[PDB]
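Offset between the sequence shown (1-based) and the working numbering: plus 5.
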Amino acid sequence: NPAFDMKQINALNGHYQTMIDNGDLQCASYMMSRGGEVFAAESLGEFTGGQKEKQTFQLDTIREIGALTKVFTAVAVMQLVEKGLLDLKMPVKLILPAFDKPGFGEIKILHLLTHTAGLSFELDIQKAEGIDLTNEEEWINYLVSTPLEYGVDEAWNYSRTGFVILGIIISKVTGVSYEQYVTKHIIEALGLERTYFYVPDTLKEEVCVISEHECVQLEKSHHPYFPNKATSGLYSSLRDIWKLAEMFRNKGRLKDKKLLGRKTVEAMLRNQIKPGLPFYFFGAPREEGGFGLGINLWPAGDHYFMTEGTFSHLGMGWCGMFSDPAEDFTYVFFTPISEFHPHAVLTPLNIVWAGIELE
Ligand SMILES: C[C@@H]1CCC/C=C/C=C\[C@H](O)C[C@@H](O)C/C=C/C=C/[C@@H](OC(=O)CCC(=O)O)C/C=C\C=C\C(=O)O1
C-alpha cells in the first residue's frame, strides 16, 4: 500500500539501535507516512534526566521541539496576513515604535520570517544588567540599543531573535499573548492533542528529559530570557509534528481542520531569498539553499535523496520534520541528544528516502 521497501525500516531501526547501544543516543523515535497514512513508526531506547532511572521512550512521549516552534510562529504570522491585520512588507517600526531608528527602521516582517533582517543569532543576557529579559517593554528597548550585524537583505543569518520579535508582533495585533493565539488558532484548531507551551502537571512525568536543565525548565512558567516562546519552548509529540507537516503538504488543510489557504502555503513553500546572498549559521557560513516564509527548503535535490521541493525544519533536541510533496511522503523524528552529530540526525534521511518506491 505505501510502496516502501521495508528492508530500509530494518536498516533504519538498526541504525538508531546501534547508536543507543554505543552510548551516543539515549532514545530515538520516528514516524513516516505515504498519502497521509502512517505505515511505519517506532520508538527505541529509554531516557533519564540524570536524576532518576530509565523509563521507556514511546511514540506519544512529549518532548521539547526547540526551533520547530518557529514553524508555529510562521503559521500564526501568515494567518494574520490572511485576515488583513498584517502585511509582509510592513516595517516593524509601524507595529513596534522602538524600531523607528537608523538600521531598525528598515526591517520588515518579511525579513524576520526569512532570516534576512540582519539580526545577530541571539541577544546578550550578560550585558543586560538590571534588565528583565522576560519583560517585553524592556527586551525590545535593550534590543534596539544593540547594533545590527548586517543590513537588511544582505545575508541569510539564522536568528533566534527574529522570531521573538514576530511573537511580539502577533501579541500586539491580536490583543492576546503569543501563546494564547497559537494555542487557540493553531494547536486546538489543527487538533494537536499532546502539544503545550507549558505541560500540565499530570503530564510532566510523561515528558522525556535528558538533563537536569530540562527538568528545571519543565517546571518553569516563562522562558528564562525571552518575553515569549515564539522562537523555542514548545513541547509536542511525533503525531502532532506529523500533523503540522501534513498540513503543509496538503496546503493548509488536514481533513476538516483548515489553518491556511492553499495560496498562502504555496507562498510559504517557495524560495524567498535573493540569489547570491551568503548564508550564515551561528557565525559559520553554510551552503546556500532555498528558504521560504519561515520554512526551510534545504536540504533537497543535489546529492541528497529528497526530491526538489522537499520542505523541512530542524530543532535542537534533536528533532525534525521532512515532507516530500512529489512523493506524498512525510518523515518526523525525535532523537534526543545534547551534542550534534550529522550521522545521528542527518544520515537516517538517506536510509528513509532510499526505501521510497514508485506510486
Ligand atoms: C542545517 C541547519 C541545522 C544544522 C545544525 C548544525 C550545527 C553544526 C555544528 C554545531 O556546532 C553543533 C550544534 O550544537 C550547534 C547548533 C546550533 C543551533 C541551534 C538552534 O537554534 C534554536 O533556535 C534551537 C531552539 C532550542 O534549542 O530550544 C538551531 C536549530 C535548528 C537549526 C535548523 C537549521 O537551520 O538547519
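Ideal placement from N, C-alpha and C gives every residue a C-beta, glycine not left out.
If distances are taken between C-alpha atoms only, which option among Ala45, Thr335, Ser328, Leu319 comes closest to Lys12?
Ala45
Meets three-Cβ-pair contact criterion under 8 Å: the region 334 to 345 and the region 316 to 323
yes
Looking at the structure shown, is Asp329 part of a helix, part of a strand, or coil, going by DSSP?
strand
Which term fits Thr352, buried or exposed, when burial requires 16 or more other beta carbons within 10 angstroms of its beta carbon?
exposed
Leaving out five residues before and five after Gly257 in sequence, what residues of the same chain have Cβ atoms less than 7 Å from its Cβ?
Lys263, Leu264, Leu265, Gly266, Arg267, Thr269, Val270
Might you give, ordered along the chain, the residues of its own chain that have their beta carbon closer than 8 Å to the beta carbon of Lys177, omitting 5 neighbours on each side?
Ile100, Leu101
Does the contact criterion of 3 or more C-beta pairs under 8 Å hold for the region 129 to 141 versus the region 196 to 204?
no
From the DSSP output, read off the bridge partner residues of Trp161.
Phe284
Quick one: which unbroken alpha helix (DSSP H) runs of 4-plus residues sit fully inside the region 151 to 216? Chain order, please.
165 to 179, 183 to 187
Are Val357 and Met37 touching if we call contact CB-CB under 9 Å?
yes
To the nearest angstrom, report how far apart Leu282 and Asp158 are at their CA atoms.
8 Å
My guess is that residue 2 and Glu251 are in contact by the Cβ rule of under 8 Å, so how many angstroms apart are they, rounded?
Because the chain spans 6 through 364 in this model, residue 2 falls outside it and cannot be assessed.
Applying the criterion that 16 or more other CB atoms from any shown protein chain within 10 Å of the CB defines a buried residue, is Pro232 buried or exposed?
buried
Looking at C-alpha atoms only, which residue of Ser343, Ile342, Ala359 is the closest neighbour of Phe310?
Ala359
Does the region 84 to 97 come close enough to the region 149 to 169 that 3 or more CB-CB pairs lie under 8 Å?
no
Report the rounded CA-to-CA distance for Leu85 versus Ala16, giving the unit in angstroms.
43 Å
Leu319 in three-state terms, based on DSSP
strand
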